[PDB]
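As a starting point, one isolated chain is supplied in structure tokens, in the form deposited in one PDB entry.
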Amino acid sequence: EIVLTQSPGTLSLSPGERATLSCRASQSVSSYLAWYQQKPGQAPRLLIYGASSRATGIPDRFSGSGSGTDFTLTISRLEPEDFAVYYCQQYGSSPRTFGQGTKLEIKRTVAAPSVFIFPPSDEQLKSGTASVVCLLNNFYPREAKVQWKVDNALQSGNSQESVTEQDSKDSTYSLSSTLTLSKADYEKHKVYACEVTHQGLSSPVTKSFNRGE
């Protein structure tokens, strides 16, 4: 069983710069190695075979190098959909094995998120459960801080966050944080607020609402 280790785990580069991925092998496969590109929700696409040969329809900015146990993949001028996960795969000895991938992220200019908050429906309120939703739209970088405050008391342990993958012509991210609780405990409180901290904002941004208005 030949183990392939790809390096590094993630890389974040700007449009125009060039990226170099590495793959190292438990034993030597001697050139029998290929590179695939997989975008979110899509299937892998063959980039390079024979460790050096471009597949059909692959632009020239993709280039393969190396042999023995060590191989590298380079993208010459990074463009707004070069951003995916990239896998190396050996076919020197059975069974054929992949590396665990390295994710390529963009680095565009810092963009502040636009913040919205949604109180629960009353249809769901009569259901016995309340879900309050905070939306942070179209920001960069990905790292942000969402803080739920209920009657000015910091809430923890009843919220869940969900992040999109990079929209690939604005290069953005967007995030949702939903707070779930009973209807009894939902009506035990009055003010519900979402406070957002991020690179693109001078100060935390807060969006709130009172229950029943």
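The first residue of the sequence shown is number 1, and the count goes up from there.
Please compare 65-73 with 164-172 and name the stretch with the higher mean C-alpha B-factor in the deposited structure. The recorded data point to 164-172.
Of 191-199 and 9-17, which one has the bigger average CA B-factor? Stretch with the greater average CA B-factor: 9-17.
Selection from 112, 88, 132, 85 [criterion: highest C-alpha temperature factor in the record]: Result of the comparison over 112, 88, 132, 85: 112.
By the recorded C-alpha temperature factor, relative to the other modelled residues in its chain, which third is residue 141 in? Its C-alpha B-factor belongs to the highest third of this chain's values.
Can you work out whether the C-alpha temperature factor of residue 41 puts it in the lowest, middle or highest third of the chain? Middle third by C-alpha B-factor.
Please rank the C-alpha B-factors of the chain's modelled residues and tell me whether residue 80 sits in the lowest, middle or highest third. Ranked within chain, residue 80 CA B lands in the highest tercile.
If you rank every modelled residue in this chain by C-alpha B factor, which third holds residue 96: lowest, middle or highest? Tercile = lowest for this residue's CA B-factor.
Check where residue 55 lands among this chain's C-alpha B-factors and tell me if it's the lowest, middle or highest third. Middle third, going by the recorded CA B-factors of the chain.
Heads up, the form deposited in another entry isn't pictured, but that's what we're talking about next.
Can you let me know which of 106, 70, 178, 182 is the hinge position, looking at how the rigid parts move between the shown form and the other one? Considering the domain motion between the shown form and the other one, the hinge residue is 106.
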